[PDB]
Every structure is written in C-alpha cells, then in structure tokens.
Amino acid sequence: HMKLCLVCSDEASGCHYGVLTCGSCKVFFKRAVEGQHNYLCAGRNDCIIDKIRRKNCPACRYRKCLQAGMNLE
Amino acid sequence: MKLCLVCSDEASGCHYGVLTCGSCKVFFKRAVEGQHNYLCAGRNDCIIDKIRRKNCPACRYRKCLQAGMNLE
DNA sequence: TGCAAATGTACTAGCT
DNA sequence: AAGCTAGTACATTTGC
Ligand SMILES: [Zn+2]
Ligand SMILES: [Zn+2]
Ligand SMILES: [Zn+2]
Ligand SMILES: [Zn+2]
C-alpha cells in the first residue's frame with residue numbers, strides 16, 4: 001500500500017539520491033556525507049534500522065543508506 | 001579517580017545507590033519515572049562507554065539495573 | 001535554567 | 001496546469 005523507505009521502513013516520500021526513502025533519511029544522508037560526525041556503533045556494525053531504532057545507530061544508518069545505493073549525484 | 005559503574009565516565013557521586021556519572025544519574029531518573037519502553041538495535045549487549053551510551057537506552061537501562069540503581 | 005548539536009518536518013526552488 | 005526531487009528553514013529532540 002504505502003511506499004516504504006528502503007533504509008528505515010518509515011513512509012517513503014520520494015526517490016531521494018537514487019533510493020526510495022523517507023524525509024528523515026534523505027536529510028540524514030546528506031548531512032552524513034557533507035558533515036563531520038563521530039558516529040560509532042555500539043554493537044557489531046550490523047544494527048537493525050527501523051523507524052525507532054534508526055536514531056540508535058547513525059553509523060549503521062549511514063552504512064545501510066550506502067548499501068541501498070544512495071549517492072549525491 | 002571515580003568511574004561510573006554504568007558507562008565508565010567520570011562518576012560524580014553515588015546516585016540511586018550506585019557510583020555514576022551525572023549523565024547516568026539523570027538518564028536513570030528519567031527511565032525509571034516514565035516509560036522505558038526502549039529498543040535495542042543490536043543483540044542486547046551494546047557497549048555502553050562515554051561515547052556510545054547515547055546509542056542504546058535499552059542496554060543502558062539494563063546496565064543501570066544490573067549495577068543496582070533504585071529509588072532508595 | 002542556558003547553549004548547542006542531532007534529528008525530523010514542512011516548505012520552497014526549479015525542472016519537465 | 002501536474003508531477004517530481006533537491007534544497008532549506010523551522011521545529012523538535014536530545015545532551016552537556
Ligand atoms: Zn527512512
Ligand atoms: Zn550499529
Ligand atoms: Zn555513566
Ligand atoms: Zn543495545
């Protein structure tokens with residue numbers, strides 16, 4: 001029914017940077033590329049990213065964005 | 001020379017029965033008072049150090065309880 | 001309390 | 001019109 005972001009499963013708003021994603025992942029990805037962050041995972045570089053757990057691990061969120069194909073060109 | 005028994009930061013005193021940093025003092029008070037329906041994105045054994053304690057409320061609250069924090 | 005960083009929404013710019 | 005996304009400003013969250 002409702003389009004699903006391929007990063008967090010929140011409702012997708014469009015195809016952003018090459019990948020159907022939600023509003024919060026679009027801006028999260030651009031800020032992650034062009035910004036400095038000490039994103040450090042606390043598990044095994046392998047976390048679950050869903051609508052809640054996405055805030056838990058930005059390191060694994062960024063990782064799953066890239067594995068989904070996001071790119072700024 | 002005083003380490004937090006939850007995250008290992010500069011403990012600021014004995015809070016809710018446990019030597020703990022300021023940040024863990026406040027986090028446990030918030031967690032214990034309201035819902036703590038937190039969720040872990042890993043395997044319920046996330047590393048909870050000064051850097052990564054922000055990452056997993058669920059594992060942090062679990063560690064608070066393991067260390068003995070309570071409202072005595 | 002304050003200050004600030006991170007995150008998320010809603011909106012505008014600009015294209016076709 | 002219609003439909004799209006990238007950007008941006010604002011608000012909210014979260015944390016010292
Ligand atoms: Zn998303
Ligand atoms: Zn992770
Ligand atoms: Zn602590
Ligand atoms: Zn965890």
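Worth knowing before you read on, the calculation uses all heavy atoms, side chains too, and leaves out hydrogens, waters and symmetry mates. Here is the naming used below: chain letters follow the sequence lines, and residue numbers restart at 1 for every chain.
- Remark: B:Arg60 is positioned above the aromatic ring of B:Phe27, its terminal NZ or CZ atom under 6.0 angstrom from the ring centre and at most 45 degrees off the axis.
- For the pair A:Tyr62 OH and C:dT7 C1', the interatomic distance rounds to 17 Å; values are reported in whole Å.
- In this structure, A:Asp46 contributes its side chain and A:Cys60 its backbone to no donor-acceptor pair below 3.5 Å.
- In terms of heavy-atom proximity, A:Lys26 sits nearest to A:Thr21 at N-OG1, 4.1 Å.
- Using a 4.0 Å heavy-atom criterion, one finds that A:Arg31 contacts the bases of the nucleic acid, with or without backbone contacts as well.
- Using a 4.0 Å heavy-atom criterion, one finds that A:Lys26 contacts the bases of the nucleic acid, with or without backbone contacts as well.
- For the pair A:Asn56 CG and C:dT7 P, the computed distance is 11 Å after rounding to whole Å.
- When DNA chain D is scanned 5' to 3' for any atom under 4.0 Å from a heavy atom of chain A, the first and last hits are D:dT5 to D:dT14.
- For A:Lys51 and C:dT7, the NZ to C1' distance is 14 Å, given to the nearest whole Å.
- Note on A:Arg54: every side-chain N or O is 4.0 Å or more away from OP1 and OP2 of C:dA6.
- Heavy atoms only, all atoms of each residue included: B:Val6 and B:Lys63 are closest at O-NZ, 2.7 Å.
- When heavy atoms are screened at a 4.0 angstrom cut-off, A:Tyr39 is found touching the sugar-phosphate backbone but no base atom.
- Looking at heavy atoms from C-beta onward, B:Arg52 lies in side-chain contact with B:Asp49 at the 4.5 angstrom threshold.
- One atom, CD of A:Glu11, and another, P of C:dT9, lie 11 Å apart when rounded to the nearest Å.
- When the options B:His15, B:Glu10, B:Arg53 are evaluated for a side chain to side chain contact (heavy atoms under 4.5 Å, CB included) with B:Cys21, the one that passes is B:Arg53.
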